[PDB]
Amino acid sequence: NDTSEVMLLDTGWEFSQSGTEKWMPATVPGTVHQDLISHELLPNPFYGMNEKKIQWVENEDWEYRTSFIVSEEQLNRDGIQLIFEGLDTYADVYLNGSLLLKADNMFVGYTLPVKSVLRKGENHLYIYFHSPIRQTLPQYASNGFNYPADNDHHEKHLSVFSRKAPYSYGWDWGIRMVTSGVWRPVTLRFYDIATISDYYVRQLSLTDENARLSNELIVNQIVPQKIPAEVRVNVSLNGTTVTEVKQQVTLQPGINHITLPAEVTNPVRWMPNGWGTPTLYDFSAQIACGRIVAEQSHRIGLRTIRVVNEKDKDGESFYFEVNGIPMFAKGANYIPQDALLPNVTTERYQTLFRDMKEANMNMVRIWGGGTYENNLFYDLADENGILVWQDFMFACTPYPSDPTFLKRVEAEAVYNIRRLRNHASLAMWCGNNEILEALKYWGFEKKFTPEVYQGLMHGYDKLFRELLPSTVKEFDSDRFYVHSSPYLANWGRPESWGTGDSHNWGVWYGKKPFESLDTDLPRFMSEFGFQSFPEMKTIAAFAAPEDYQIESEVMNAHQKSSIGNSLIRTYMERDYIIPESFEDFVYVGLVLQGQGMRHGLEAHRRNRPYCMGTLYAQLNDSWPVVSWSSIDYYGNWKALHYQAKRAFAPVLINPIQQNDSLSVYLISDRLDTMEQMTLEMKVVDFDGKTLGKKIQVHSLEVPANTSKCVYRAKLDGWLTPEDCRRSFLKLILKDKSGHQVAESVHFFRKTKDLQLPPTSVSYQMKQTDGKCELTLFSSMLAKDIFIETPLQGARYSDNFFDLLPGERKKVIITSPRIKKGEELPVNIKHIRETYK
Ligand SMILES: OC[C@H]1CN[C@H](O)[C@@H](O)[C@@H]1O
Ligand SMILES: [Br-]
Ligand SMILES: [Br-]
Ligand SMILES: [Br-]
Ligand SMILES: [Br-]
Ligand SMILES: [Br-]
Ligand SMILES: [Br-]
Ligand SMILES: [Br-]
Ligand SMILES: [Cl-]
Ligand SMILES: [Cl-]
Ligand SMILES: [Cl-]
């Protein structure tokens, strides 16, 4: 780094309910809710009916205080800067009798010059958080109408007035915890001469032969004199200098703009997950005043990302081109990982990225009702090769567009754009989630006067068609912006499906069968989804045995969608026998969500290039709840996660059966063509015996980045209705020499129509520290087996798979909490067991 010193204001904090004069220890970064919980002043907010029991917190004001020492020597540094990375939300900040700041935007980092107010010895920092509810009640009263924000779970929809995480007020998968606090870190920096307020590595061009960069620095000089300095940029890879440039300047008091070109010959490109290595250069800029007074570095990925959104014969395309190659996007919508943001640990972020990488994903949407994520989130996306689609934090309701609200939004857009624009992973900006769809199709025209509706339509344009796009054009001029997701397509209107991106909620809200995903195709799927109850160990975190019915108060409850638990039963009944026990119903509901959802994922990939991506709703959960998530709050992979992994495999054999006939497609996202390939298939009954003979299709090629049909056959004359109920299709793809590159299994009937034999999955266990190895055997098919353990967060090599007749299967379960001796409890479930 440089000669500055940083003091972390992360200890010795206390908090108070205002007007009580009672102080208790606090943890910062943190939240009022966690501080109370930690003194047993709230029940577990996630347990039972306890949501209503914690609401009172949002009606109180909350105070925070800390003290720190400053030395005579520190006070003699040229400048001293206090930085709040995050204040939630209406925060009056006092230091040593000075009001430093009236903060009003959760999404903004505040940098404050404090030398002239600090004192040798003890220094006293106090922060007063006004209730976001009481702060905005007068605002609402003056408004004359209630914004149609159905996700804001209160009679008055105050959320829209505050630049605060929309989901904190509730959501259709979320608990209401309208929290407050110092949500990101506080630092004091003691420094000489200047600081680097911004360092932007702007890529000018990239070819195989050369990368041209422009290093753009904003330097804030704090002393009264003009100061000769040399600006230096070092570009290194893996600890070795690649290129180095320097510039003489004389820094003036105040802001200085410094621009140094640099080039990297024969650059090593950053590639997305599945296409190579996510190579990151180290770019370091230093200010040297004959000592390095200031330094700032960024990890930089050298790549092009173009979003192609052009009129074509099919409507309007919507796809991503990476390093000149169209890349079919495979991923999911990401939501905040906790009701209480500072509770989400480094480990939890690293684990989530591991989950995305291991599921073969190359894209995550940071959906617009959460937060602009922390720097760590983006750093991990950079180093895992995952593209980031970044919504601005507007979701599902129109918002105000008065001048002072828009000045607030402008502050947050400039802050986060400059914060995020150096990440290799950042791929596009999206003005909002679902707001134009909402304005057009959600029945507002009957909920408000014409003049108010006109006001809302004009407000939409001010923010999402003017302010936000101009801010991106200014500060991130080479990145794509689109005003809303979905921008035109609506799920109820087939005429619009060829136009940009879709949120197909035909499945779920429109009750369409999963098979509808085969015919109802988008140019890009930015949302589609299906709910499930999480597994029992998670339920046991939030419900009691008495509450084990699909619509008791508690489940209902932990159901926040406008049609809920009943829909899960409705869909289940189409394809499965509904089990009589709750635990069995939970198991099949996981299998259900997995099988139906992967059917869509497959349909989207199969239909490339018409469709160029699929991002399911949703990756993750913020609390224990029944949701569209593929990984529950405790990090347990649902069926859907293993199925998404399978559906996103770089090479996939996709058998698709419709109108009593089978097609097999070979789908590849590899960058190289596969030549001289052999598809081989056979029908095997549930006892292990082959029906007929092996079918072989030789001489197959799988070109890079294509989906292609290689086999078709009518069922009639091949299999009888009886066989379709009592066998499966095994499929394998192999190269010239017989090496297997891909396999699949196909069933010819719905699971409820299968004549599944009673059967026992036996296993042998070899348990050590951290590790559990199981070998599973069944003489007969066991359908969609779930290997269930009580260890929260335990990870599995595979799970939610069919255990084929006779064919042994190795599964490894890992967890730091696995001890040698202490045999891991294991419960193996499968479909036939769920009914008599
Ligand atoms: O109700 C399910 C989803 C519909 N689309 C929204 O963007 C998302 O936040 C919702 O959870
Ligand atoms: Br200062
Ligand atoms: Br400053
Ligand atoms: Br200047
Ligand atoms: Br990829
Ligand atoms: Br952070
Ligand atoms: Br626009
Ligand atoms: Br069929
Ligand atoms: Cl960065
Ligand atoms: Cl009105
Ligand atoms: Cl099928």
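The subject of this paragraph is the overall build of the chain. Within the chain one finds 14 helices and 44 strands. Taken over the C-alpha trace, the chain has a radius of gyration of 29 Å; the compact-globule value for 836 residues is 28 Å, and the two agree within 12%. Counting only C-alpha atoms and orienting by the principal axes, one finds that the chain spans roughly 90 × 70 × 65 Å.

With 143 residues, the main nonpolar core has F392, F394, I539, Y616 and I787 as its most contacted residues. A total of 10 residues in this core trace back to one element, the largest contributor, which is helix α12 (residues 582-606). Setting aside anything within four residues of it in sequence, one finds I787 in contact with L774, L776, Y796, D798, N799, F801, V811, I813, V826, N827 and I828. Membership of the second largest hydrophobic core comes to 46 residues, among which are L36, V70, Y110 and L118.

The next point concerns the packing of helix α4 (residues 346-358) against helix α5 (residues 375-384). The interhelical angle for the contact between α4 and α5, taken along N-to-C directions, is 35°, at an axis separation of 10 Å. As for how α4 packs across α5, the hand of that crossing is right-handed. Counted together, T346, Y349, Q350, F353 and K357 of α4 and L376, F377, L380, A381 and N384 of α5 form the full contact between these two elements. Residue composition of the contact of α4 with α5, grouped by class: six nonpolar, three polar and one charged.

This paragraph deals with the environment of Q618. By the secondary structure assignment, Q618 is in the loop between β30 (613-616) and α13 (639-648). With residues near it in sequence (within four places) discarded, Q618 still touches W173, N333, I335, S627, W628, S629 and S630. Polar contacts involving the side chain of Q618 include one to the main-chain carbonyl oxygen of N620, which spans 2.9 Å.

What follows is about the pattern of salt bridges. Across all of its chains, the model carries 45 salt bridges by this definition. Ionic pairing is found between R232 and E230, a salt bridge with its closest N-O pair at 2.6 Å. What makes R232 partly exposed here is its relative accessible area of 30%. Salt bridges here are not isolated pairs; linked through shared partners, they connect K330, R605, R608 and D669.

Right, let's get into the site of ligand 1. Taken together, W171, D172, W173, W367, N433, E434, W505, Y509, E527 and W628 make up the full set of residues adjacent to ligand 1. Here an oxygen atom of ligand 1 and a side-chain polar atom of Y509 are 2.4 Å apart. Contact between ligand 1 and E527: an oxygen atom at 2.6 Å from a side-chain N or O atom of the residue. In the complex, the protein chains occlude 94% of the 300 Å² of accessible area that ligand 1 would expose alone. Per-class residue counts for the shell around ligand 1 are six nonpolar, one polar and three charged. Two domains each donate at least three residues to the shell around ligand 1, and these are domain 1 (1-192) and domain 3 (302-648).

Once that is clear, we can look at the sheet that holds strand β40 (residues 782-788). Strand pairing in a sheet takes place through backbone hydrogen bonds and is either antiparallel or parallel in direction. Spatially, the three strands line up as an open sheet ordered β42-β40-β44, and their pairing is antiparallel. Each edge of the open sheet carries a strand with a single partner, namely β42 (801-803) and β44 (827-829). Recorded for the sheet is a direction-independent mean angle of 45° between the axes of neighbouring strands. Pairing of β40 with β44, which is carried by three bridges, proceeds in the antiparallel orientation.

The next point concerns the pairing of β30. Burial along β30 is two-sided: the face carrying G613 and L615 and the face carrying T614 and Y616 are both buried. As judged from the four bridges shared by strand β23 (residues 329-334) and β30, these two strands associate in the parallel manner. Each bridged residue has a counterpart across the sheet, and for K330 the counterpart in β30 is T614.

What follows is about helix α3 (residues 132-143). Helix length check: α3 (12 residues) gives 16 Å between terminal C-alpha atoms against 16 Å at 1.5 Å per residue, within 8%. The N-cap of α3, judged by a side-chain oxygen 3.2 Å from the amide nitrogen of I133 a few residues on, is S131. At the exit of α3 stands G144, carrying a positive phi of roughly 85°.

For α5, the full list of buried residues reads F377, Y378, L380, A381, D382 and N384. Contacts made by the buried residues of α5 are with β17 (292-300), β23, α4, β24 (363-366), β25 (387-391) and α6 (403-420).

A separate point is the sheet that holds strand β5 (residues 79-84). Across the sheet, four strands lie side by side as β1-β10-β5-β8; this open sheet has antiparallel pairing. Single-partner strands in this sheet number two, and they are β1 (5-8) and β8 (110-113). Strand-to-strand twist of the sheet, defined as the mean angle between neighbouring strand axes without regard to direction, takes the value 20°.

The subject of this paragraph is the pairing of strand β32 (residues 661-668). Counted residue by residue, β32 has seven buried out of eight residues, so it is predominantly covered. Both strand β31 (residues 651-658) and β32 contribute to a ladder of eight bridges, which runs antiparallel. If you follow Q658 over to β32, its bridge partner there is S661. Here eight bridges tie β32 to strand β35 (residues 706-714), and the two strands are oriented antiparallel to one another.

Criteria and thresholds
- Residues numbered from 1 in each chain as written, not as in the entry; some residues may be left out.
- Chains lettered and ligands numbered in written order.
- Heavy atoms only, no water.
- Residues with missing side-chain atoms left out of burial classes, pairs and counts.
- Helix = DSSP H or I, 4+ residues; strand = E, 2+ residues; numbered from the N terminus.
- Rg over C-alpha atoms; globule rule 2.2 N^0.38 Å.
- Core = buried A, V, L, I, M, F, W, Y, C linked by side-chain atoms within 4.5 Å.
- Buried < 20%, exposed > 50% of the residue type's maximum accessible area, 1.4 Å probe, protein only.
- Contact = heavy atoms within 4.5 Å.
- Axes fitted to C-alpha atoms, helices over the stretch in contact; angles between N-to-C directions.
- Left-handed = near helix turned anticlockwise from the far one by under 90°.
- Nonpolar A, V, L, I, M, F, W, Y, C, P; charged D, E, K, R; others polar.
- Polar contact = N/O pair within 3.5 Å; in protein donor to acceptor, adjacent residues only side chain to side chain.
- Salt bridge = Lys/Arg side-chain N within 4 Å of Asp/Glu carboxyl O.
- Near = heavy atom within 4 Å.
- Areas by Shrake-Rupley, 256 points an atom, 1.4 Å probe, with all protein chains shown as cover.
- Domains from an automatic or database assignment.
- Pairing = 2+ DSSP bridges.
- Expected span 1.5 Å × (residues − 1).

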